[PDB]
């Protein structure tokens, strides 16, 4: 039956798998012969031969064009290489938090996820291949380094050319490989079930069911933006929890699609009909939270509100709260909440690996970042739909509007006004000059102490550095992670680099009750001015304005 053939291949040189996997244009995975084949083989060749027959890999993607074709490739190469089994979501569909869930539930060696996050879908669009390891999280640098090494010097791979998988039908498919003994096994599983079952156990589905249907039900609008979370929204929020069907918009994943991307949802909330709104990104690991009339809960505040009401979530009632965490550029809203408890607050460089490590050491329960990310140690990826059900949980217990909840939070903890300026496609030379100069300035002896007037408001430098982080688990040192100007009132200016892109984060703390409900862009203006003056950004880049304000 099913023959195994060796295909001589010519290696590529730009297959570096990053933190979110390998992302290229789809016309590359199609014009470039054996481009995908090479990489899938490289990933699989990191699994020792002796461990393959007993191994299971989870496979799924975000619905984008070329996904199903890709999953077919993976099966043909997994089989010919001796991987014993694939678990694949029906139709190829699995959200990234669903994959993390399933890897951990069935103890797979890892998974291959076909997504490209927020990136455009279609023939003239992007496609990405991401590898996760046995703890359900993204492959660390050491693994992705080996895949890259293998890919650059690869000379052959193995495939089952004639092997096809019916992704439409539930159940176990088997394949008799020529000159093998044990069969290749594919399990097509319901896209939503294992994940929904996890959520069912985390949250009080009875309470949420009550909240979302009947007399004075909470009216909600959930925008999956034609991404992967769609089916998860329909099966859980509507079908199981009883939210009316029109609660769910764009919940059909399509093969071709910040604060301006959910412009649709914002307009809808702005009518004043709904009490709560939410949107998700491509693969389900990010979330935007909205209140009546379009009230914007910024991601930094959102993890803080969740932290402050965390015990209205059954999961945390039972497992307890092992720690809090945020990325360094996220606002210090969370810190104010952690400060009123006995629970540690870790501040990490941007990146998942840092959270995952603290989680794996039983030191982190809740984590968030300013880039629309919220998560917990229930899995090892960020979880957008989970964040929404945490909020609904909080709403059902608090019984107040979303805006009244933030107002109460700000009155208790003070407010951390936050914004992020993006400057996109700036000339690298100018930006790097800007960073190198600003750091040199900051590093001077008589810089700590230096004052800056708004005026009226006066800020004083408490600390200024290029953020470093020793990871308490892997021991790694992460250097040059962002310029931080830290002020004595608990306000911060942060610069990061990533043509090029500058990110300016501004975090202004206000405790005054007559100041906490003012317009953020007005309250932030003095620190923004200070930021631009000290960095000489307009002078170094030519930009009189950011590309995007969040």
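Numbering follows the first chain given and starts at 1.
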{"property": "Chain break class at residue 257/residue 258 - deposited residues not modelled", "result": "4 to 9"}
{"property": "Length class of the unmodelled deposited segment, which would lie between residue 31 and residue 32", "result": "none"}
{"property": "Between the two ranges 158 to 166 and 415 to 423, the one averaging a larger CA B factor in the entry", "result": "158 to 166"}
{"property": "Average Cα temperature factor in the PDB entry - higher stretch of 23 to 31, 482 to 490", "result": "23 to 31"}
{"property": "Highest recorded Cα temperature factor - choice among 152, 409, 105, 292", "result": "152"}
{"property": "Highest recorded Cα temperature factor - choice among 299, 430, 136, 320", "result": "430"}
{"property": "Residue 525 - Cα temperature factor, lowest/middle/highest third of chain", "result": "middle"}
{"property": "Chain thirds of CA B-factor: placement of residue 53", "result": "highest"}
{"property": "Third assignment of residue 232 from its chain's C-alpha B-factors", "result": "lowest"}
{"property": "B-factor third for the C-alpha atom of residue 282 within its chain", "result": "highest"}
{"property": "Lowest, middle or highest third - CA B-factor, residue 111", "result": "lowest"}
